[PDB]
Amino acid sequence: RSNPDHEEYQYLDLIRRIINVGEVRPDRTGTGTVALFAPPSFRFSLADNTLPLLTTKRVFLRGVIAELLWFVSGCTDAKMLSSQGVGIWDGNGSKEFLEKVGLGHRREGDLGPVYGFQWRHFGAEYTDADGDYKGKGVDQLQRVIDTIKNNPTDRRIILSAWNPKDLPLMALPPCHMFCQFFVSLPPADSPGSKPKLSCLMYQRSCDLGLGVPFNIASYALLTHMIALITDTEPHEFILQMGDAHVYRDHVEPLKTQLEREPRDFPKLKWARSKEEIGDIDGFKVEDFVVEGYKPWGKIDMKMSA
């Protein structure tokens, strides 16, 4: 390894380990997987505007950003993603899947009270994706922003989408069920510096081939976004996994990826200022300027619904 310390090796090494000593298991989708439970967590530095966007394969960056802004908006209609050319949620939002999980009364694309809804309206009563939820439920995301700015040492800076009561209304239960932010105060020797912002996310189920690449970049981006609005400096992103698995039909495609040497991670820059963006709800896809992204070729992998 030209550069053995490249953070991407964490991802490649775990996949190799799962394939090697993982346990073959049946699963909800019916395709089957090989898995390990609670492996060591991943750590990615977010310093110097670094964005841990995997380079051993081309990652659909725009899809990650679109999905993230979608979460932030509190929207749960997958059509808002497919209309802009992002179909990652088309599979679980299809009329065929919804009816399959007992949600036939919903129009196609209406995923239910998933991620975004819990993030901005936790506890509110869900009708459909067109419902008026403004000012209803708990806005966890804004509370996180307010807390980081006015009481950084607080120990409850949590953002969670897990809701046992709403689960049956969801086309799919949250995979990244929650994350915790931490703010390091400016060192004594130089109190003018910006506090450092870190994020730990826990993912109950992890599709290493398809999902993890998105999850890693997504939460890294969320932390960068929150850092901008709170005048803090992104520091570290930690990802703890529960059921970490590699789908059976992903094994061969991933072996090809395992042969590739990572390129230095790209950097993130903002196309607009903090003032122009305003708050967490003012970001736009075009605001994300990712430079230096130099990935290898794309690797085709089918998603199991």
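Position 1 is the first residue in the sequence shown; the rest follow in order.
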- prompt: Got a sec? Mean C-alpha B-factor, which is higher, 141-149 or 209-217?
  reply: 141-149
Mean temperature factor over C-alpha atoms, higher-scoring stretch between 238-246 and 260-268: 260-268
task: Quick one: which of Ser160, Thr76, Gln203, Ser184 shows the highest Cα temperature factor in the PDB entry?
output: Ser184
- prompt: Which third, lowest, middle or highest, does the CA B-factor of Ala129 fall in along this chain?
  reply: highest
message: By the recorded C-alpha temperature factor, relative to the other modelled residues in its chain, which third is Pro195 in?
response: highest
message: Please say which third, lowest, middle or highest, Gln180 falls into when its CA temperature factor is compared across its chain.
response: lowest
query: Mind checking which third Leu14 falls in for C-alpha B-factor across the chain?
result: lowest
task: Determine, from the deposited record, the chain-internal third of the Cα B-factor for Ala47: lowest, middle or highest.
output: highest
